[PDB]
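Asker: Residue numbers (full-length UniProt numbering), protein chains in the order written: chain A, 30 to 145; chain B, 30 to 147; chain C, 30 to 145; chain D, 30 to 147. This is the structure I have questions about; it appears just below.
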Ligand SMILES: N[C@@H](Cc1ccc(Oc2ccc(O)c(I)c2)c(I)c1)C(=O)O
Ligand SMILES: N[C@@H](Cc1ccc(Oc2ccc(O)c(I)c2)c(I)c1)C(=O)O
């Protein structure tokens, strides 16, 4: 499982579940092509977006539908969505955990890059 | 100033100096159009991007070139850049401060929205 | 496992391993009595600090030896240590995950409070 | 000002107003002694805690009463308070800005250290 997403809610101290997430790969054109997609589980986690054969070196975009999540809660958010953009290079392709902690007016994100 | 940007560095505990920033407005054809550009000062601040008149209701994108900053320091960061996407001035005109705290594998961002003086 | 600690390194995008952690419980006197203690694993995690019988309602302190961690890396840190202080109340006692992301000059912390 | 505190609220995207702050200095008997006290202003800032003269080398503790702030809003937060512990002025005198970004179950803190003007 080369790419995983974890989202937490900072307002309630709990995972952020049923959060929509879209992954994009940079194309020739420099446009963005749809790649992988899901909704976070009960544990705020998303896995099995891709495989080690399909996940090659290149530029990816991870888009988190944060605004949908706050609306659902009756809270007016600042952000349209949270985007994370990185090169999936490093050594060669590896094990990426993209995590995001959310607040109505803020967000933090970190990457944990480990090889077993 | 209706739009102000503040960038800090978490590795050194100082302002992030000469950091490039690009602002875009979502166009009618649903395209991102260049709106304004600049670099952080000595205090990690960016002022004078726009005017109250110019800053109408819409969807804005603030892209911060975090990648070029870390490279200049000898670090190879994870992110290509930090982008902040929001709707502005949709319930009357406000003042926006977008702040970012940067690390090589992480970043945090918050906004302060204020109601102009009348 | 009523209380778990997870620590990540924001400079390197990896767990923060071999990080010393001390837990304290508020005493009668209002002093702090030693309670639980460990070192984070390879995954930056610490578990089995206590049991559901010993973990009763009260005030706890979680002290993370961050300065030791940066020194070891040849990096001069700001902080003497990172402290987290909370009431282990909520409903009755529950499932607490205390997480911390570290930078030489900053730190963020969040609590995830879930009941299975 | 050698020591300045800035607190922001992440739920509302505004400064954290009337937040109490207590500063301590580790004593010789290895006890925490009260050093200074105050409340954040309208801009979420706290100034005038101490003087260059008074602010000697030592170990300081900045305790922020985050618990009382959230209660005042109708929220029951996780933390009892936010504490920042650091060594100050140990390689000559500097200026310190401690900033905190607050949420009910989380907080983030960073420092900006500057070399005085001479
Ligand atoms: N546990 C995962 C990833 C993950 C996700 C969220 C986290 O908490 C925080 C705590 C504070 C923050 O600002 C942020 I962003 C995240 C942490 I620490 C780690 C793994 O290691 O595989
Ligand atoms: N001076 C600026 C804003 C500004 C900048 C950095 C800050 O610290 C932190 C501390 C933690 C964070 O995650 C972040 I993002 C910022 C804070 I609080 C506020 C203004 O008045 O608008």
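Positions of the beta carbon are idealized from the N, C-alpha and C atoms, including for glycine.
What residues in the region 115-138 of chain B bring their beta carbon closer than 8 Å to a beta carbon of chain C?
Answerer: Listed by position, the residues of the region 115-138 of chain B near chain C (Cβ gap below 8 Å) are 130, 132, 133, 134, 135, 137.
Asker: Give the range of the beta strand (DSSP E) segment to which residue 126 of chain C is assigned.
Answerer: Per DSSP, residue 126 of chain C belongs to the beta strand (DSSP E) from 125-132.
Asker: How should residue 81 of chain A be labelled, buried or exposed, when 16 other C-beta atoms within 10 angstroms of its C-beta is the threshold for buried?
Answerer: Per the 10 Å Cβ criterion, exposed.
Asker: Classify residue 100 of chain B as buried or exposed, calling it buried when 16 or more other Cβ atoms lie within 10 Å of its own Cβ.
Answerer: So residue 100 of chain B counts as exposed.
Asker: Assign residue 120 of chain C to buried or exposed, taking buried as 16 or more other Cβ atoms, counted over all protein chains shown, within 10 Å of its Cβ.
Answerer: Exposed is the call here.
Asker: Compute the Euclidean distance between the alpha carbons of residue 63 of chain B and residue 70 of chain D, then round it to the nearest angstrom.
Answerer: Spanning the two alpha carbons is a distance of roughly 37 Å.
Asker: Identify each residue in the region 99-112 of chain C for which the Cβ-Cβ distance to at least one residue of chain D is less than 8 Å, and report them in chain order.
Answerer: The residues in question are 107, 108, 109, 110, 112.
Asker: Do the CB positions of residue 88 of chain B and residue 60 of chain B come within less than 8 Å of each other?
Answerer: No. Outside cutoff.
Asker: Could you tell me if the beta carbon of residue 135 of chain B falls within a distance shorter than 7 Å of some heavy atom in ligand 1?
Answerer: Yes - ligand 1 has a heavy atom lying nearer than 7 Å to the Cβ of residue 135 of chain B.
Asker: Going by the beta-carbon positions, is the gap between residue 36 of chain A and residue 52 of chain A smaller than 8 Å?
Answerer: No, the pair does not count as a contact, with Cβ atoms beyond the cut-off.
Asker: Write down every uninterrupted run of the alpha helix (DSSP H) in the region 63-94 of chain A whose length is 4 residues or greater and which is fully enclosed by it, in chain order.
Answerer: Runs of the alpha helix (DSSP H) inside the region 63-94 of chain A: none found.
Asker: Under 8 Å between beta-carbons, which chain B residues line up against residue 66 of chain D? List them in chain order, please.
Answerer: Within 8 Å Cβ-Cβ: nothing; residue 66 of chain D doesn't reach chain B, min ~24 Å.
Asker: Is the CB-CB distance between residue 143 of chain C and residue 134 of chain D below 8 Å?
Answerer: No, the pair does not count as a contact, with Cβ atoms beyond the cut-off.
Asker: Tell whether a beta-carbon distance below 8 Å holds between residue 111 of chain C and residue 95 of chain C.
Answerer: Contact flag set, yes.
Asker: What would DSSP say about residue 57 of chain C, mapped onto helix, strand or coil?
Answerer: Coil.
Asker: Quick one: using the 10 Å Cβ neighbour count with 16 as the cut-off for buried, is residue 57 of chain A buried or exposed?
Answerer: Label assigned to residue 57 of chain A: exposed.
Asker: I'd like to know whether the C-beta atoms of residue 44 of chain D and residue 66 of chain D end up nearer to each other than 8 Å.
Answerer: Not in contact: residue 44 of chain D and residue 66 of chain D (Cβ atoms no closer than 8 Å).
Asker: Note down, in chain order, every chain C residue with its Cβ under 9 Å from the Cβ of residue 88 of chain D.
Answerer: Within chain C, the residues near residue 88 of chain D are 109.
Asker: Residue 107 of chain A: which of A:124, A:83, A:136 sits nearest, CA to CA?
Answerer: Closest by alpha carbon: A:136.
Asker: Please check if any C-beta of chain B sits within less than 8 Å of the C-beta of residue 39 of chain C.
Answerer: Yes - at least one Cβ of chain B is within 8 Å of the one on residue 39 of chain C.
Asker: Is any heavy atom in ligand 1 found nearer than 7 Å to the beta carbon of residue 141 of chain A?
Answerer: Checking every heavy atom of ligand 1 against the Cβ of residue 141 of chain A, one is found closer than 7 Å.
Asker: So which residues of chain C does residue 43 of chain A contact, with C-beta pairs closer than 8 Å?
Answerer: In chain order: 141, 142, 143.
Asker: How long is the line joining the alpha carbons of residue 109 of chain D and residue 84 of chain C, rounded to whole angstroms?
Answerer: If I take the Cα positions, the gap works out to 18 Å.
Asker: Taking only beta-carbon positions, decide if residue 105 of chain A is within less than 8 Å of chain F.
Answerer: The question asks about chain F, but that chain is absent: this structure's protein chains are A, B, C and D.
Asker: Between A:129, A:54, A:39, A:32, which has its C-alpha nearest residue 130 of chain D's C-alpha?
Answerer: When each option's Cα is compared against that of residue 130 of chain D, the closest is A:39.
Asker: Does at least one heavy atom of ligand 1 sit under 7 Å from the Cβ of residue 131 of chain C?
Answerer: Outside the cutoff, so no.
Asker: Compute the minimum distance between the beta carbon of residue 91 of chain D and the heavy atoms of ligand 2, and state whether it is under 7 Å.
Answerer: Residue 91 of chain D: no, Cβ never under 7 Å from ligand 2.
Asker: Roughly how many angstroms lie between the CA atoms of residue 93 of chain C and residue 113 of chain C, to the nearest whole one?
Answerer: Approximately 8 Å between the Cα atoms of the pair.
Asker: Specify the secondary structure class of residue 102 of chain A as computed by DSSP and reduced to three states.
Answerer: In this structure, residue 102 of chain A counts as coil in the three-state DSSP scheme.
Asker: Rounded C-beta distance between residue 34 of chain C and residue 75 of chain C? I'm assuming under 8 Å.
Answerer: Indeed, because the Cβ distance is near 4 Å, the residues count as touching under 8 Å.
Asker: Does the beta carbon of residue 138 of chain D fall short of 7 Å from some heavy atom of ligand 2?
Answerer: It does: the Cβ of residue 138 of chain D is within 7 Å (strictly closer) of some heavy atom of ligand 2.
Asker: Would you say the beta carbon of residue 126 of chain A is closer than 7 Å to some non-hydrogen atom of ligand 1?
Answerer: It does: the Cβ of residue 126 of chain A is within 7 Å (strictly closer) of some heavy atom of ligand 1.
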